[PDB]
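Data first, discussion second: the structure below is written as structure tokens.
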């Protein structure tokens, strides 16, 4: 009869009212549910106390806050209103680098994970440049190339860079509509020897992430906090005891 | 003449004005009662001080806050505006699992506490699948089945799952009207050798739980805080010394 | 010429302007007096500074806050707008207990401090039930009886309970009008070898207790905080040096 | 050129514009002066920045906060808008005590510092009561007498109390008009070997004490905080370099 | 490329637009510059996101906060809107003391730093009073004289005091117009081996000191905080790269 | 699947929509991104709960906060709305110092980094003054010269100062329009063995620095906090999965 819960959360997106495929939202550090009710009050005046005598509720709302520490692209799509874009690995053969380059300039490439970088000189007789005259910062992860030097007989300035780029996953900002996801919290209550508890929320509309600290200070893992409103599902039976907002199952 | 109280709280629901059956609300960590009064003031002006000279009360209200650590279904019905639903244990024989299943898929079952799980293959000659090809996560408490593999001669994809499910208790969200409960606080005052004290509140209208942290951090047991207004009971005698809001009994 | 005061407070209720009988308010932990004044200001404009040049007071008010740790019925009547009700000890002979009782049911009695409990069986030949078949929780202080068992030949269900109940004192909620009490603070100033100090407040109108924690956590004694306004007494002489709000007497 | 000041404050009341007699305000723990100015701003718009270009002051005010720990009657008159009343020591011969007195009653006398208390019995033959039948609580400082017992042949109930009372000083609440006092702060700056500093405020209008804790907790001496506005004196020369609000003198 | 600055501040008053003589503002503990900008925003509505698409600034303001610990008269004139008054040392010959003086009275003199105090008796034959009959409190720094006694043949009450007073510097309250000062912050950046940095603010309008604690508690030197607005100078070239608010010079 | 990021930030100014040259913003201590959304809600009323049933977003905005500790002129131009001015080293030959100079006066020169200072006397026969009669405070970094003395035969007062000044870089206050910069955050996630992460923000409009403490206390390096709004870029494809606000690339 005491609660200290630890467990997992499964989310299923709702598209045009058809149930989606459940997925694990990965690690979650905090889950909170808050209930709000509006009440209209009636006061009697026969006792001289002008005090409250009755009240009936008019409003009913529920909010859910979730703190997730996973920065996976699947979760980014759900939290950033984005849609995942997958780019397959490939090669570049005739990319043209900026002109008027001199020692000290930093060239930014269009793709990441560059490898086997080659820069052919522009001339009737192609002459690949010596690798010792350029360096790859951040082991080519950021696609940045630094010029270390140039031969005394200055070669033709425009260059032709060819290389290989690895596959990547990208998420756009505000590129998807407001997601609607059904939530299933499967938890273990340690206070009762690890008893099972299940919480079902049929329809939830989420709110974008509020803050995202890209450069963190301290020993705390970056956290992503999402707020959402539990909407009223109109498909479930009205008279059923399961309600229309959410339900809790405890085995006993 | 000093107070440090520890005790129990009994609640009796009020339905259409007829007293209900008292029940223990289980463990309670904090109880507070607050009184609010509105006053209209009259100021004299013959002394030149334009100061207050009289005041009479117009409003009278009382609020009660209770912090309970019990997550029992009976308390969930009272705090979540829900009504308890009891499901008896039973069996399933012809549940159909999703199609196009492959290794790695997770199948969610409609009932919890699954045991003796059997998945018959779809064919003119029934052939139950080998148990080694599937696993039960969370010992079947959450009703989740993981596929470990499939025979090289891929069997018919649609499946027929049969198993046994245990009884459960469920609580809906906002599925019951605003409860009205009479409260009896029976406490022991340790400052006076454990003297008995009784507090009676005739009519209280409760407010849903504000927050419920499903995943808790630290060493603090999950707490459920409920606020309520003590309404004016119109059935008790008006001139009686017991009043109409509440009373306190101290043996002495 | 320094103040660190410890002392007692005596209160005399004011009914229709006739002085009441002084009583000690028991232990008090904190007393504070605050003065509020409203001022209307006049600004000159001949120097170019448009600054304040005069001010005269229009309003005058005084508030008093008292923290008392005594939960005595006399103080409850003063703080809860209640009136004390005394119930003398007595006996009950033919109280009828609820029907359809079975093992595990808890019966609540109308009076507290039950002793010599007897439950006669309903039949043409009265047959008191064996005491071993019932138990008294909380040594009968709360008037709760638990059924331990029933004879195999189930006796007549309706019962007739007779017992003895002790005297008690009760306080109603908001059952009395706004008290008006004159206050006398008799204190000792330790900074001057324990010099005597007296503070007189002629007329004070109190405000109900704000909070009352029935179940306390920690090592702090329950506190009852009361606010009040010091009204203007119209009976004292206007020109007298004693004023009409309050006075302080210091022997020296 | 550094300031850490400790010193004394002298106050001279202003009555109808005639200087009063300076007195020492006793111990003071904190003194603060705050300046407030109102400004009207003009913004140019030829540069496209729509930014501030000029400002001139319209308002000018100064406030002073003083924390004094002396509860002397002279300071009480200044802080409570009161006027001191001196009562000379004397005697009482025929004071009548309340009737229907019994053992346990507490009699409150009109004067403090009672000594040589005598209670003559009401009868044709006066018979002073035995001292052993009554006691003086708080060594008669509060003027409280407790009855210890009565002779079996109950004497005449009405009594005639005679005793001696000492002189006292009293202060009324809001019994004097808004004081106007000129302030002289004579301080020593320790940062410069104890250099002398003088601060003169010509006209100050004070604000009643905000809080006065009669029963104190901890090891902190009771403090009395007073706020005041420094008014504009119209008697000093307008063109003089000494101004009209206040001045500072530093010897050097 | 890191900043931890320590340095000096030079201030030059601006009178009718003509540059004043720079002076050192003495010790300064903190300097802060804040920039405020107002922006008007334009939102597009063709994407359905009703989000921000453009913004242009309309307002531009800059504020400066300085904390100085010097209480020198030159700084007092700048912070208190005062003008310094210098009084040369001199002598007094025929000052008349208050009449009706008795033992215990304290006489306040018009000048400070009194020395060689002489009080001639009023009579046809002048008779200076014995020095042993009077004392000088605070070694005459505050100009206070205490009477120790009087001869049995009471001399003529009115007195004639003559003495010597030292020179002093005084500052009036709100006796000068709103100063306008150009500021030059010459600082050393320790993070770069003590590199030089210069900050120029052409026109600043200051705000009076907010608080001045004459009697300080703790081990903290009294601080004087001044706020000011950096106005737009209309004399500098509009197209120049030095701007019109302020500039920073870093040698490198 | 966990984030603790450390990395670099590259900024490219946007002028009339043409991409600028990327530069490193130097050391950065904190980066935060916040998302704001406005929603319009629809409530049904057929269930009697008058609760939320639908919501659609109308507003979309994103803000970015960056804390940079570099006080380089390039960053000053970006944060102060300034434009860098470079002054080359040079010489001065006929600068005229203020007249009526005496011992103790401090002369401020128009340029910094003074060296080989010479002050020729005004006379028909030029006579350079002896160096021992003047001193250079702050080793001439601030361009301040102090007079140590003058010959008994007072030379001609007006002077002619010649010296050498070093090159400098200056930044004006509010001398440039609102910058628009594209941001590229290249970070390493230590939680995954140092995995690469890239964050692209296409269009950001910055807000001036709020505070700049020129004189710092403690052991904390001076910080420069800048806020900005991520605007909607209208050049990128509308249907592309990269969106129009920003994107995140994670290699995997």
The strands (runs of 3 or more DSSP E) lying wholly within the stretch A:191-252 that contain at least 3 residues that are within 21 Å of the chain's Cα centre (by Cα) are A:195-207, A:211-215, A:224-230
task: Kindly check whether there is at least one residue in the stretch B:31-44 that is crowded, with 16+ Cβ neighbours inside 10 Å, more than 8 Å from chain C (Cβ to nearest Cβ), closer than 28 Å to residue C:213 by Cβ and touching a residue at least 60 places away in the same chain (Cβ under 8 Å).
output: no
message: Would you confirm, using the coordinates I've provided, whether residue B:141 is touching a residue at least 24 places away in the same chain (Cβ under 8 Å), surrounded by 12 or more Cβ atoms within 10 Å (Cβ to Cβ) and more than 30 Å from residue B:228 (Cα to Cα)?
response: yes
Taking the stretch E:210-251 and keeping residues within 17 Å of residue F:80 (Cβ to Cβ) and free of Cβ contacts under 8 Å to residues at least 12 places away in the same chain leaves E:240, E:241, E:242, E:243
Flagged in the stretch C:153-186 as assigned to a loop (DSSP other than H, G, I, E, B), in contact (Cβ under 8 Å) with a residue 40 or more places away in the chain and farther than 30 Å from residue D:141 by Cβ, in numbering order, are C:157, C:158, C:166, C:167, C:174, C:175, C:176, C:177, C:178
Taking the stretch D:122-138 and the residues there that are within 21 Å of residue D:112 (Cα to Cα) and either within 14 Å of another protein chain (Cβ to nearest Cβ) or out of contact with any strand residue (DSSP E or B) (no Cβ under 9 Å at 6 or more places or on another chain) (or both), the one that is surrounded by the most Cβ atoms within 10 Å (Cβ to Cβ) would be D:136
Residue E:109: passes all of (1) more than 30 Å from residue E:225 (Cβ to Cβ); (2) touching a strand residue (DSSP E or B) at 6+ places or on another chain (Cβ under 6 Å) but (2)
Quick count over the stretch E:186-244, residues being within 22 Å of residue F:216 (Cα to Cα) and touching a helix residue (DSSP H, G or I) at 6+ places or on another chain (Cβ under 9 Å), is 9
Per the filter on the stretch F:80-117, residues loosely packed, with under 14 Cβ neighbours inside 10 Å and not in a loop (DSSP other than H, G, I, E, B) are F:86, F:90, F:91, F:93, F:94, F:96, F:115, F:116
If we keep only residues of the stretch A:167-182 that are surrounded by 18 or more Cβ atoms within 10 Å (Cβ to Cβ) and facing chain F (nearest Cβ under 8 Å), then the residue nearest to residue A:114 (Cα to Cα) is A:168
Over the stretch B:45-74, the set of residues more than 9 Å from chain C (Cβ to nearest Cβ), crowded, with 16+ Cβ neighbours inside 10 Å and assigned to a loop (DSSP other than H, G, I, E, B) is B:69, B:70, B:71, B:72
Report task. For the stretch F:3-22, indicate whether the set of residues that are within 8 Å of another protein chain (Cβ to nearest Cβ), part of a loop (DSSP other than H, G, I, E, B), under 28 Å from residue A:26 (Cα atoms) and in contact (Cβ under 8 Å) with a residue 60 or more places away in the chain is non-empty. Result -> yes
Sole miss for residue F:42 among (1) in contact with a helix residue (DSSP H, G or I) (Cβ under 9 Å, 6 or more places away or on another chain); (2) part of a strand (DSSP E or B) is condition (1)
Within the stretch D:205-243, residues within 14 Å of chain E (Cβ to nearest Cβ), touching a strand residue (DSSP E or B) at 6+ places or on another chain (Cβ under 6 Å) and over 19 Å from residue D:27 (Cα atoms) come out as D:229, D:230, D:231, D:232, D:233, D:241, D:242, D:243
**Item:** Condition met for residue E:77 (assigned to a helix (DSSP H, G or I) and over 30 Å from residue A:174 (Cα atoms))
**Value:** yes
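Read the figures in this text as sums done on the coordinates, not as results from a lab. Positions of Cβ are generated from backbone atoms using ideal geometry, with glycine treated the same way; all protein chains shown enter the neighbour counts.
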